[PDB]
Amino acid sequence: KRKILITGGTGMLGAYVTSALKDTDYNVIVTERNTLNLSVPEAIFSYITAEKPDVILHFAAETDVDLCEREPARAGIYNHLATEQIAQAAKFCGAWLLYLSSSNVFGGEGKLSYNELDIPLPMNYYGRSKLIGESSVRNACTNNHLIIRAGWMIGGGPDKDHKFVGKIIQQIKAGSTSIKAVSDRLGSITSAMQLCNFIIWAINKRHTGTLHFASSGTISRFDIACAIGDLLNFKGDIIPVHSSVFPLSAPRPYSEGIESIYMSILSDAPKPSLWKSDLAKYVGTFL
Amino acid sequence: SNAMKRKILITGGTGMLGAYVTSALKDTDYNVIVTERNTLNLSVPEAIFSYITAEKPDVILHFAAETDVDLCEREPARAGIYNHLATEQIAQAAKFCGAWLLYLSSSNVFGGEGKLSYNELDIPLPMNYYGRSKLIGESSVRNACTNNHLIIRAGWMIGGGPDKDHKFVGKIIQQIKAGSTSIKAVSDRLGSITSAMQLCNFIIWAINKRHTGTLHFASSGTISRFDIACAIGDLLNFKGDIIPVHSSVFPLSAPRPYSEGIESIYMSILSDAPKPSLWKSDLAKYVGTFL
Amino acid sequence: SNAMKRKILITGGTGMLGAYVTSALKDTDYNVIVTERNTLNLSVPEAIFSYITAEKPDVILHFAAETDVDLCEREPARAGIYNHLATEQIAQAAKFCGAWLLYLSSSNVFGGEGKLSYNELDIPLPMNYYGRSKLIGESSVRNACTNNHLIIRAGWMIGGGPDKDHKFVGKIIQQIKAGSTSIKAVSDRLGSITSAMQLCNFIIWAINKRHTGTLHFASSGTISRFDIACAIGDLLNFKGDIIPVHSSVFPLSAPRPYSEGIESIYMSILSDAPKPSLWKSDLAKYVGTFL
Amino acid sequence: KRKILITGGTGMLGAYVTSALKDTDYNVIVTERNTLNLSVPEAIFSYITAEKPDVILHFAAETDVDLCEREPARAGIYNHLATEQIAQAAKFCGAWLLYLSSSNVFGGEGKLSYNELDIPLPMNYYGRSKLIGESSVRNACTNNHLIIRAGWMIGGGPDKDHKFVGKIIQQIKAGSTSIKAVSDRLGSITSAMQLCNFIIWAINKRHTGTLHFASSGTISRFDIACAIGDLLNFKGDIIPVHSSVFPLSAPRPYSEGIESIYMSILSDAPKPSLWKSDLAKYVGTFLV
Amino acid sequence: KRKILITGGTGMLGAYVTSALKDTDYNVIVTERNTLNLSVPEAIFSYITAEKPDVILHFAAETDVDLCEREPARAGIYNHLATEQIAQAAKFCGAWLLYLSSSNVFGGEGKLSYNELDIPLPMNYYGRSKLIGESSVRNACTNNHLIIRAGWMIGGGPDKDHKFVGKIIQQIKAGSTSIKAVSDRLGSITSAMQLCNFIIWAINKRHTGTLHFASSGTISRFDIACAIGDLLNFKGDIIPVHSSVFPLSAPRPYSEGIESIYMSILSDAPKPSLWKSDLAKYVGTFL
Amino acid sequence: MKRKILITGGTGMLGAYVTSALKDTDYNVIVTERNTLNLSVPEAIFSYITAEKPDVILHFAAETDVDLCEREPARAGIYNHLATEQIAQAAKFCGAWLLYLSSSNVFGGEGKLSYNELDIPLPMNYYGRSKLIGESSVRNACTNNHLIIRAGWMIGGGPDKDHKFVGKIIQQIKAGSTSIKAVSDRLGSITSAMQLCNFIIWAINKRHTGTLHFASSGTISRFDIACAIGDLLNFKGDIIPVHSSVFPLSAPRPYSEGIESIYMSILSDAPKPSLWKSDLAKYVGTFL
Ligand SMILES: OC[C@@]1(O)OC[C@@H](O)[C@@H](O)[C@@H]1O
Ligand SMILES: OC[C@@]1(O)OC[C@@H](O)[C@@H](O)[C@@H]1O
Ligand SMILES: OC[C@@]1(O)OC[C@@H](O)[C@@H](O)[C@@H]1O
Ligand SMILES: [Cl-]
């Protein structure tokens, strides 16, 4: 009975993957605070090696970009040091390791979109911590790992989405007359449900390498808010604003847009589509 | 006898913007002198000062320029002579006869910084010879006619209609009308559009008020040519594919910035001036003149 | 003494620097006009030229400005109107009157280059809208009053307290006096301090001589806000903690450079002009007025 | 009998190396369409591991810089993914792996010349694809690989040279009134025949690490055209032009010039010389 | 007895370490020009493997930053090629390897300070040679190495200190009327004696990873000269000058200051303190 | 009454040639001296020049020691900026046509290989900045009655007065030196002082105005110049290319300060420069 060990299983993407794995023959182990804690990297190696998993899905991370900037030690411990121990454990167990990374490894060059050939050059501590986390993974598990870079993640549905999409929908449904959205920072959206489907396919094929997974289109939060407004027949105003209006601890690049040049050779794989279409399917689940 | 009419002297009177202006001026009290090759030629800057000063215009609208960005990169001498040296003579002539001078400039004075949008407080840093030539032309205007000039920076100009538009919009429309199976449009270079007809209306207002200083005149929105092609496609019920491509598939001589988008922080204080609107609405009105 | 009654017109007369200058001018024989909102308002630049030309002053001290750096980044229209457009009208008025114009500028015109300090030969390259607005204001002043203006760039200003110090130094002193026992101060932002009292002394001297050009006026030393906070603490017998933090801990609207330190290469040839000294000494003198 | 497996064996350099290995005791396998294709990296590992070579010479690559920029997927599949599978196979077999890379891994910094201590920072997709290829070779074959970075390759002679030097000579022998050459893009030349001689030596020594192999000098195509013109007593005009007069899909750096700080250590290795001397020797093969 | 092999044992740091190891149970082998020469990297692997050390302390390097810029071949051979051979030998023997690196791997970005998450981007050939040296250590000794980045090293005392601090003290004692010190290049100081104490602790814990070890504070040579002046009651003038006054072959960044986000988690390890307390203790050893 | 030409830096290398060329004219030439004008005392310039009432001002005096300017920016400022500003204000008052000799050093910060008159100055050091701000002073005060000429690496003096790069290379060759070292990784353009003198005389008579780059065609290194001189003088020793790092200096130097002109061709009858090798050979011929 093939074993899968999952970190961040109660996270948004993790919950989808954990649920999808229930109708399979895998023995799934969802780590908890008492068995695996990113703040205690020294206890990770012994735990994972004793479990002897065949597959490791490493989704746990410190994703508060601003907290990472104020407390780079936390970004480092949680995203770099803990990942290194997981990578060393994976290598010792001979386990295939999936590492969820981020479009934030890019931004420093200042161009509009980055593909798998672009050399990462981060703009903040979150991105740096994820980048060194990737290095740890590909050095320890060279021919047996998969690194997936996601953009701005959308997922959770009405009951669990407390991120951008859920917030914009909340404001519309509460009868707000004007909603402000940043128009001078660009990125790409990644549907968590879609990514989940891809991951299930990747586990079964034991796909390896580095891949960018995001809907096509380089857009702003303002563009996204406007699209949501159209879908819900919003009557108020969506106001485009500059970043300066909402000061934040971490610098954000002009764009963290990502596209893939390698997704198309994955013949049977579940793939993303156009951002508006993928956003519309997700927004539809709010009824 | 009746009083002498105020005189307007226009360069580039048969260009996209110039044609709208010359036409709108027919319904005014102004006497309009539309320069031609036989009176004013940008390639003969040395004859400009004598010609303009003898005409003694009250207003000078300087729209003529070498606007082929790629030609300017291959032949910077042409860019310099046409956009800088000629403009210097026009500004000196404006100063000498006391004329209010309007200089049409470009969002291409920006780009080297690499940000998404620029307002009138941003300091120009061009990316190519066309932009450099326009920027130094601006300096010539400011230095000579300090308290009596208006510099307007326009972005990607749309205008001309079915008969005259052979720029981006006209070409996309021609491909749609020809039933092209697919149209490619660059997705990784951004800018702002400027409706020539709206700019014309603003210019008529500006001449009447003698507004001075530097302004950015463009529709709201920082978009790509791909975004524009998609919007035109929707307006004309195009059923072929509109394909986003990177700038590498269409090699060009002149470097283009990631963005030359422009916005204004000063247009709102001109309470009764005709203003641009949202890019999609302004584009829709223009595309409507084709069908 | 002087057979004619000469006039000084001051903007920002109640500000930190302005209040010292105004008090100092009471001893002189100049007719001093201290503008107020009813006669000159930066938000109404269109009324400035006629007002100043009617006063026909011999000297104009232009200290008024929108100096909230973060507000300027959020509302660049306000920075533009108050610091650029209003200044342009003042400069045109000074030129019309033959008045010597003193313009207070800022170390914030620098920062984009990323080096540790800047002198008068360094070419301004700002990092935010406040800095751009002051720089463009400087251009207005030079292009209008070339052989009859003085631009002084000041760094982080100290002075006027406890009643008028509302800047960085005043805020640290205020927290200590309020009984705070733990004060955070940014260790990754470097700059130079300028004593307002001292700068006032220099200005009185500059008015008399009608000194012209561009000059940096700041105490010697490029230091961090943390270094300054520790120095203030010592001077005030503070026994609590001064905690050094990174700029990420205090998110702000406007980007700030690694350093806006300024030094002067021209102050030393100004023989008997009052000059600044070492930052710690100048800070001590000022704190010595509180105690 | 030691087995050598060569990719790109029918390319210009590959053909020289294949030919030079004929009078050796090696069993040489030159891959073909029926056994290995850069377009199908998914079939490489099984094939190479089944052959169990002792040495792998990886010369095949997508070298059309402009095509790489328009189609980064092709640059990535051919130069990155294929190279990764070749490196994994070499590691599995315990084979010494030679990877031919490029000066184009540099250029982003904008300086005039780069040595082996300079950190690669590419300017275009071709350069990025070669660099990521080098990383695959280093993450898989530590202590058993040789990465050679070549500059502007010259080779082929009057029958096979259709690159810059061949075209200049063609225009000169056709009696053209003028020749235009870009003067504001700099680089270094690498003699293919010299590089081949060095490679034979490296195979025999199983030399390892990263090395820059190019004639000494950072020069423009204009400099090169002018040099060829003197050698052939050309009487037309050689006109220097800016790169802007020839628009291309891929950006090029102000310089991709490379020099070596480690070549002189290899006492007995065949080495390049000065660019003008190396170019004169190559141009001489077109006379007769 | 476990065997410790040391390169650069007669250097500033090497001498403090060599002496501190005499009061321990290790068999210490101090390499010298007859057994290991950085200029002869070809002889290193055979010698180290024959010795079979359990621990390797690699402190030897070409540290003349300006010489490195003029002769990058020397920088490469001594700091990269030799380090590559030492790393391969360490892997072959299963030896824990400690590599002394430098703050000079940073500087190209132009910011005021760098922590362990910052991606190295050197400004000169010395820095590049040290960085490529670090890469060799990581690629070869995956999970069994410690890389310590030090700043401006202070140590040696009255008889051996001929570096920055020593020179300032000499000018003070000679009664110079004025001392010039560069005010526009910043960095961080590292007390050699303290670093020695940390190294002894690291050897015994076999601590691994990459760590920055320097006193707290980003300062200039001028700040340091002023602090020494105060400590020695110097009556002359300490003049802040721009770096142009002292032309040097190697470019120096605006700052090479380093700080650590990981030192704090090492509970019982000997730590550095504030730059003035640490400088004062060292200056105290001159009188 | 004769038209008056007032010259600063008249005893300098370029200034001395212009002064001699003007002896064969109807101009009343006034060469400034310590008793009338000093760059160190800008405060005394305006009263002097306005009392003198020149019709033409040739402003050649400057602090050109680039490294000294970096160590002592106050000197660079006073001499090149403040003095120039006072001269510009005096020219404006007198209605005099003002010639200001500037430098390619106003460029370099961008890091490209060559700069024309449309490129926006962005200097690399204090010397460059001081010259640039001096230029602004000249434009802002004499808009329609000034000429700013930017020269590159100046060559001139001959066997008696040349103690700069060319002169030093020639002394080493005639002395039979074993080797000569020259920097290969810093580029620029050469300007013939004699050709510039001829151009200046033409410009004075035409009262030509604006900004113009005056230099021989070609972006080259000191090493290229040294090698060309060696060929001309049949030198048989070694000419070794070295990196700029072997000669540390106070002022940063750009990868290139090369300048070219896009406006020199429209000045039909003006004396112009030619190719760098031709212009160099002619200069080198004055030493034989
Ligand atoms: O040119 C630098 C480099 O590419 O070559 C030497 C190798 O050891 C690599 O680590 C390094 O990145
Ligand atoms: O044949 C030489 C050359 O300079 O001619 C002009 C262009 O075709 C260039 O690509 C080419 O290298
Ligand atoms: O004589 C020429 C030269 O290359 O010699 C060595 C150094 O003195 C250089 O400054 C100088 O230009
Ligand atoms: Cl168009």
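Chain naming here is simple, since letters A, B, ... match the order of the sequence lines and numbering starts at 1 in each. Both ligands and their constituent atoms are indexed starting at 1 by order of listing.
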Exercise answer: donor-acceptor pairs, residues 164-180 of chain D side-chain atoms, under 3.5 Å, sequence neighbours excluded:
from	atom 1	to	atom 2	distance (Å)
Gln171(D)	NE2	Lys167(D)	O	3.2
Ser176(D)	OG	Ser178(D)	O	3.1

Task: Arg253(F): side chain to side chain donor-acceptor pair (under 3.5 Å) partners, not counting sequence neighbours - done: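 Applying side chain to side chain donor-acceptor pair (under 3.5 Å) to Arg253(F) gives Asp67(F).
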- [ ] Only counting residues at least two apart or in another chain, list the ones meeting side chain to side chain donor-acceptor pair (under 3.5 Å) with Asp185(F).
- [x]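 Once residues adjacent in sequence are excluded, the partners of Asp185(F) under the side chain to side chain donor-acceptor pair (under 3.5 Å) criterion are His243(F).
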Open item on the list: Return the CG to OG distance between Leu274(D) and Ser216(D), rounded to the nearest 0.5 Å.
Closed with: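 With rounding to 0.5 Å, CG (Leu274(D)) is 4.0 Å from OG (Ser216(D)).
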Open item on the list: Taking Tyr129(B)'s backbone N and O only, do any of them form a donor-acceptor pair with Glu73(B)'s side chain (distance below 3.5 Å, no angle check)?
Closed with: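 Side chain of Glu73(B) to backbone of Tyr129(B), a donor-acceptor pair under 3.5 Å: yes, one is there.
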- [ ] Check the angle between the aromatic planes of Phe110(B) and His216(B) and answer parallel, tilted or perpendicular using the 30° and 60° thresholds.
- [x]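 Perpendicular: the ring planes of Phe110(B) and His216(B) meet at over 60°.
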May I have every N or O pair linking ligand 3 to the protein at under 3.5 Å, one per line with atom names and distance?
from	atom 1	to	atom 2	distance (Å)
ligand 3	1 (O)	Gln172(F)	NE2	2.8
ligand 3	4 (O)	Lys181(F)	O	2.7

